[PDB]
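Down below is the structure, laid out as structure tokens.
No hydrogens, no waters, no symmetry mates; every other heavy atom, side chains included, goes into these values. By convention in this document, chain letters (A, B, ...) are assigned in the order of the sequence lines, proteins followed by strands, and residues within each chain are numbered from 1.
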Amino acid sequence: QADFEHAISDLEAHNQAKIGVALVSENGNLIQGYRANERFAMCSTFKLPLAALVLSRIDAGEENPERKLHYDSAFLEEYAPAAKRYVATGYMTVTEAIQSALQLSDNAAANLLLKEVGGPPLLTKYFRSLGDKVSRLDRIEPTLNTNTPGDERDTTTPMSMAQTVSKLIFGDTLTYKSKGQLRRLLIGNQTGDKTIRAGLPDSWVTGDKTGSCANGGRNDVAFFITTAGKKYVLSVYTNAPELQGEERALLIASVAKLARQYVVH
Amino acid sequence: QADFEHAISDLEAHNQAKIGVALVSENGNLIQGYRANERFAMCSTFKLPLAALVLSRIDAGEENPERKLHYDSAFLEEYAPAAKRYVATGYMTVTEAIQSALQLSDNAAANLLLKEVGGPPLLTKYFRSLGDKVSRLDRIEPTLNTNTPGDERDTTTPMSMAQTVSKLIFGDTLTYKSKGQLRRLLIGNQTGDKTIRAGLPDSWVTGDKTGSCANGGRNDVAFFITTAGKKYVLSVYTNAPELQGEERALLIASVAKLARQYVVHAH
Ligand SMILES: [Cl-]
Ligand SMILES: [Cl-]
Ligand SMILES: [Cl-]
Ligand SMILES: [Cl-]
Ligand SMILES: [Mg+2]
Ligand SMILES: [Mg+2]
Ligand SMILES: [Mg+2]
Ligand SMILES: [Mg+2]
């Protein structure tokens with residue numbers, strides 16, 4: 001505990017960074033943390049709960065995975081690599097939007113889903129319905145990434161998001177079908193190979209969602225399953241303005257690698 | 001014909017490249033071509049017909065999109081971004097493998113599917129069944145990318161692949177359901193934003209499969225639909241050993257830009 005904390009502190013000082021981390025068990029209990037209850041910007045980590053909300057509306061018969069979400073170039077965003085590919089067709093399905101939002105972090109895809117669930121206020125409501133008293137969305141993409149110090153819009157804490165993610169992935173509020181879909185989608189994430197996953201062994205099942213924002217923000221939340229079958233969530237939130245991008249990912253990987261050491265013990 | 005062909009020759013000479021190209025209409029008829037009947041290595045363009053073969057088996061009730069294809073690290077390849085993510089779980093579904101092979105060009109995923117259809121011989125048989133007398137697969141990933149001059153293993157022609165792709169996308173061999181799935185997967189391809197698509201307007205629906213190989217090989221085949229609702233396929237095969245990677249993609253985009261200029265006139 002003492003050791004894990006001093007290790008993260010050393011990483012802060014070496015990198016002139018701020019790091020928040022929570023490692024939780026299947027049931028949401030804190031195993032190890034550092035600044036676990038400090039507020040950070042979600043950045044794109046919000047897309048994981050967003051996808052769960054959409055899945056919960058499918059579960060409730062309020063949404064259909066093949067429903068066409070019609071849009072045109074007016075709905076594009078600067079970072080929207082899938083939506084730009086599909087725009088000439090005039091739509092993406094709910095399914096395609098979920099996959100794009102999760103595995104590519106597509107901002108237009110995420111905005112399409114936000115539109116269909118009732119916008120950031122309804123994602124906040126969703127967080128509260130899960131027992132997450134902290135996490136909140138307020139803005140749509142891309143303005144939710146400003147990461148201004150002291151601004152509580154669009155924020156979580158490492159503990160809260162770790163506990164929310166553990167509930168979604170290992171808990172039972174989603175149907176078994178949706179829970180399975182979410183897990184396989186996260187495992188297939190394309191943006192997290194240099195982040196938490198780079199600090200975990202390849203033999204562990206891992207799924208994650210990254211975030212990147214202004215003021216040097218770089219985040220990742222992952223679930224993983226060890227070879228002994230034990231289940232965890234690791235949230236890692238960082239602000240590292242003095243680091244270059246590859247160095248920001250290495251910092252998260254470094255955190256994961258320290259977590260790996262604790263899990264093994 | 002003349003203007004188009006001279007534009008491509010110009011590109012060859014400017015880039016010390018070899019380029020083959022076929023632009024075909026919906027029904028496979030050649031609109032414009034340059035070296036359209038010369039052989040080139042398919043490289044990863046083969047993964048488009050591979051996916052169609054798998055969908056044809058689904059259509060026939062011989063395959064199931066949710067079937068788990070079990071594998072372990074012994075199945076991984078050097079370029080296998082998706083399969084490496086899923087390997088701890090022990091499998092990928094047929095659907096996951098199709099999506100990964102198409103949109104990422106994942107080599108392990110393609111090899112998983114090849115195993116389930118009977119391997120390169122049966123993909124070649126599928127080509128034949130479609131009326132493509134030329135295209136052939138002989139090796140699995142990654143050795144199929146050697147692109148050695150005069151080696152006919154793992155080769156097609158720009159016209160053969162254009163016609164095969166137009167049959168698969170716009171013809172009757174796949175069910176409506178499977179045709180739509182294939183199309184939407186190709187439209188979401190993640191590796192073609194700087195190749196054919198970069199030369200076509202944003203308003204045209206485009207879906208594509210790229211290929212990259214040794215000896216400067218860089219390929220792309222795409223279907224597109226203009227705003228008038230006319231349907232085409234464009235296949236572009238290039239060997240450009242003297243260019244850097246980004247320049248190889250720009251060469252393909254430049255070909256597609258010439259095809260665009262032509263299609264607009266035709267319309
Ligand atoms: Cl983009
Ligand atoms: Cl499919
Ligand atoms: Cl590639
Ligand atoms: Cl490729
Ligand atoms: Mg399928
Ligand atoms: Mg590649
Ligand atoms: Mg490739
Ligand atoms: Mg290229």
Are the side chain of A/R248 and the backbone N or O of A/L243 linked by a donor-acceptor pair below 3.5 Å? yes

A/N107 versus A/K47, closest heavy-atom pair with distance: OD1-NZ, 2.8 Å

Distance, nearest 0.5 Å, that separates CD1 of A/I252 from CD of A/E247: 13.0 Å

4.5 Å side-chain heavy-atom contact, A/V94 and A/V54: yes

Are any of the side-chain heavy atoms of A/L144 and A/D138 separated by less than 4.5 Å? no

Is the backbone N or O of B/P142 less than 3.5 Å from a side-chain atom of B/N145, with the two atoms forming a donor-acceptor pair by type? yes

Side chain to side chain, A/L137 and A/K125, heavy atoms closer than 4.5 Å: no

Starting from the C-alpha separation in whole Å, work towards a yes-or-no answer on salt bridge (charged side-chain N to carboxylate O under 4.0 Å, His left out) for B/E78 and B/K84. CA-CA 10 Å; B/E78 188 160 321; B/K84 289 172 175 172; over 6 Å; no

Rounded to the nearest 0.5 Å, what separation is found between the SG atom of B/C43 and the CG atom of B/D220? 12.0 Å

Quick one: sort the B/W204 and B/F224 rings into parallel, tilted or perpendicular, breaks at 30° and 60°. parallel

Might you point out which heavy atoms bring A/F46 and A/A110 nearest each other, and give the distance in Å? CZ-CB, 4.2 Å

With the threshold set at 4.0 Å, does a side-chain nitrogen-carboxylate oxygen contact exist between A/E12 and A/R35? yes

Would you name the heavy atoms of B/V87 and B/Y71 that are closest together and state the gap between them? N-OH, 3.4 Å

Is it true that a side-chain atom of A/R218 and a backbone atom of A/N239 form a donor plus acceptor pair closer than 3.5 Å? no

Could you check if a side-chain atom of A/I58 sits within less than 4.5 angstrom of a side-chain atom of A/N64, using non-hydrogen atoms only? no

Rounded to the nearest 0.5 Å, the CG atom of A/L130 sits from the OG atom of A/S166 at a distance of 10.0 Å

On a heavy-atom basis, which atom in B/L200 and which in B/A256 lie closest, and how many Å separate them? CD2-O, 3.8 Å

Mark yes or no for whether A/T164, through its side chain, and A/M161, through its backbone, hold a donor-acceptor pair below 3.5 Å. no

Looking at A/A214, is its backbone amide N or carbonyl O close enough to the side chain of A/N147 to form a donor-acceptor pair, meaning the two atoms are under 3.5 Å apart? yes

Side chain of A/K133, backbone of A/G131: donor and acceptor closer than 3.5 Å? no

Please report the C-alpha distance between A/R153 and A/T146 in whole Å, then the side-chain angles of each, then the deciding distance to 0.1 Å, and finally whether the side chain to side chain donor-acceptor pair (under 3.5 Å) criterion is met. CA-CA 9 Å; A/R153 292 175 296 176; A/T146 46; 5.1 Å; no

Say you draw a straight line from CG of A/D154 to OG of A/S135; how long is it, rounded to the nearest 0.5 Å? 11.0 Å

Tell me, please, whether A/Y86 has B/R183 positioned over its six-membered ring: NZ or CZ under 6.0 Å from the ring centre and within 45 degrees of its axis? no

For A/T93 and A/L69: C-alpha separation, side-chain torsions, deciding distance, then whether side-chain contact (heavy atoms from CB on, under 4.5 Å) applies. CA-CA 6 Å; A/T93 64; A/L69 309 183; over 6 Å; no

Write out all pairs satisfying salt bridge (charged side-chain N to carboxylate O under 4.0 Å, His left out) with one or both partners inside residues 189-203 of chain B, taking only residues at least two apart or from two chains. A/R85-B/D193, B/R197-B/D208

Is there a donor-acceptor pair closer than 3.5 Å between any side-chain N or O of A/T226 and the backbone N or O of A/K230? yes

Could you tell me whether the side chain of B/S44 and the main chain of B/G211 form a donor-acceptor pair under 3.5 Å? no

Picking from B/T191, B/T45, B/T195, what satisfies side-chain hydrogen bond (donor to acceptor under 3.5 Å, both in side chains) with B/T210? B/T191

Between the main-chain N or O of B/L185 and the side-chain N or O of B/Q103, is there a donor-acceptor pair closer than 3.5 Å? yes

side-chain contact (heavy atoms from CB on, under 4.5 Å) evaluation trace for B/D59 with B/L174: CA-CA 7 Å; B/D59 282 346; B/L174 291 177; 3.8 Å; yes

Under 4.5 Å between any side-chain heavy atoms of B/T227 and B/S203, yes or no? yes

Could you go through B/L114 and B/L50, starting from their C-alpha distance and side-chain angles, then the distance that decides it, and tell me whether this counts as side-chain contact (heavy atoms from CB on, under 4.5 Å)? CA-CA 7 Å; B/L114 278 167; B/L50 172 65; 3.9 Å; yes

Any residue meeting side chain to side chain contact (heavy atoms under 4.5 Å, CB included) with B/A82, in chain and number order, not counting sequence neighbours: B/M92, B/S100, B/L104, B/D106

Pairs of donor and acceptor atoms involving the side chains of residues 17-27 of chain A, under 3.5 Å and at least two apart or interchain, shall be tabulated with distances.
residue: A/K18; atom: NZ; partner: A/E38; partner atom: OE1; Å: 3.3
residue: A/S25; atom: OG; partner: A/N27; partner atom: N; Å: 3.3
residue: A/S25; atom: OG; partner: A/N29; partner atom: N; Å: 3.3

Ignoring hydrogens and geometry, is there a side-chain-to-backbone donor-acceptor pair from A/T89 to A/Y91 under 3.5 Å? yes

Is there side-chain contact between B/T206 and B/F223, with at least one heavy-atom pair below 4.5 Å? no

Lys/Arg N to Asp/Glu carboxylate O, B/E96 vs B/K68, below 4.0 Å: no

Take A/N37 and A/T157 through the side chain to side chain donor-acceptor pair (under 3.5 Å) test and state the conclusion after the steps. CA-CA 5 Å; A/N37 305 121; A/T157 66; 4.8 Å; no

Flag this pair as yes if the NZ/CZ of A/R260 is under 6.0 angstrom from the six-membered ring centre of A/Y232 and inside a 45 degree cone about the axis; otherwise no. no

Pair A/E141-A/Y79, side chain to side chain donor-acceptor pair (under 3.5 Å): steps then yes or no: CA-CA 10 Å; A/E141 287 284 2; A/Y79 181 68; over 6 Å; no

Decide side chain to side chain donor-acceptor pair (under 3.5 Å) for A/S254 and A/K257; before the verdict, give the C-alpha distance in whole Å, the side-chain angles of both, and the deciding distance to 0.1 Å. CA-CA 5 Å; A/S254 290; A/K257 177 68 174 39; over 6 Å; no

Quick check: do B/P65 and B/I98 have side-chain heavy atoms less than 4.5 Å from each other? no

With side chains defined as the heavy atoms from C-beta onward, is the minimum distance between A/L258 and A/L11 less than 4.5 Å? yes

Can you tell me how far CG of A/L48 sits from CE of A/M42, rounded to the nearest 0.5 angstrom? 11.0 Å

side-chain contact (heavy atoms from CB on, under 4.5 Å), that's the test. Do A/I169 and A/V233 meet it? Break it down for me. CA-CA 9 Å; A/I169 297 304; A/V233 173; 5.6 Å; no

Residues A/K167 and A/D172 bridged, charged N to O under 4.0 Å: no

Among side-chain atoms of B/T95 and B/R67, is any donor-acceptor pair under 3.5 angstrom? no

Atom CD in A/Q190, atom OG in A/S105: separation rounded to 0.5 Å? 11.0 Å

Aromatic A/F127 / basic A/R136 pairing, under 6.0 angstrom, 45° off normal: no

